[PDB]
C-alpha cells in the first residue's frame, strides 16, 4: 500500500468541524433537565451558576467602559506603552503590543491608580494612619452606601482621635473609581473591567479559598495569561500555589465567552480535596453554561472558539 493521508486528513477536519458545530448547535432538552436538577442537587454548582450569571456579562456596559476610559489617564498609559514598545518590541512585528499594554495597565494600577486598604486610614485623623485602628466589627451598609453594591461595611475605631472610620466593601466598580482603595476583592473587580474597557479578552478567575485575579487572552502568545493586579504580576500562574504555598481546591474562570475550570493551571502542588461536585458533573456544568452563553454567535465565531477551547484543554491536561 501507500495510503493517502492528505485526503484522509482533509476529510477528517471537515467531519470534525461538523461534529463541533453540533455540540454548540441546539438546546438539548435531555440535558436541560439534568442541568436544571443538578443545580438544585449541589450548591457549589449553584455557586458557579450564580457567578456565571453575574461575571459573564456585567462588565460589558459600554456605559461603564466609557466612564473608565474618561477617568483613567490614557495619555500617560500609551505614552509609556510606546516608550516600552520602542525599547525592544519582543520577537516578530506582531501583537506583542497589546501585552505591553496590559503589562503597563498593571503598573499604572499599582504604582499609581489604586491604593491598598488593610485597615482604612483614619479619616478625621492624619493621612497616613493605618496602624492605630482597632477593628470594632462589621455591619450592614448605611444607605448612602447601599446606593452602590455593598453588603458589608467594616468599622474601625481610631485610637488616637476616638472616631469611627468606615470601610464599606463595594461591588460597583464605578464607585470603586471614587474610593481608590480596596483589598483583593475590589482590586480585581475594577481591574477586570479596566481591561475589558480596552476590550481585550478577559476572564475573572475565582479561587475558592478567598482569591481572585484575572486571565487575559494574548494573541501574541495566544493562550490565556494569568494577570493579577494586586501582585503587579504578568504571567505567573504558579505564584499562589508555590511561592505563597496556597492550599487550593478549585479555580474557575468566567468570561463572556465561557466558564471553564482552570484549576490545573494553578493548583499545581498543595492540592486540596476536590468535591462539592462529581468531577465530571463539573465538566458538564461549564460546557453547558458556555453553550447556553453562546447561542447568539454565528458559525465560525462558534467553531473558532471551540478551537481555542480544545487548544487550552490540551495545555492544561498537558500541564506544559
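Residue numbers count along the first chain shown, from 1.
Looking only at CA atoms, which has the higher mean B factor in the entry: 269-277 or 250-258? So the stretch with the higher mean C-alpha B-factor is 269-277.
Read off the CA B-factors in the entry, average them over 42-50 and over 62-70, and name the higher stretch. The stretch with the larger average C-alpha B-factor is 42-50.
Can you pull the Cα B-factors for 145, 228, 210, 172 from the entry and say which is highest? By C-alpha B-factor in the record, 145 ranks first.
Going by the CA temperature factor in the PDB record, which third of the chain does residue 91 belong to: lowest, middle or highest? Highest third.
Would you check the entry's CA temperature factor for residue 36 and let me know if it's in the chain's lowest, middle or highest third? Tercile = highest for this residue's CA B-factor.
Where the record places residue 78 (Cα B-factor, split into thirds across the chain): As the PDB entry reports it, the C-alpha B-factor of residue 78 lands in the middle third of its chain.
Lowest, middle or highest third of the chain for the C-alpha temperature factor of residue 233? Ranked within chain, residue 233 CA B lands in the lowest tercile.
Please place residue 84 in the lowest, middle or highest third of its chain according to the CA B-factor in the PDB entry. It belongs to the highest third of the chain when residues are ordered by C-alpha B-factor.
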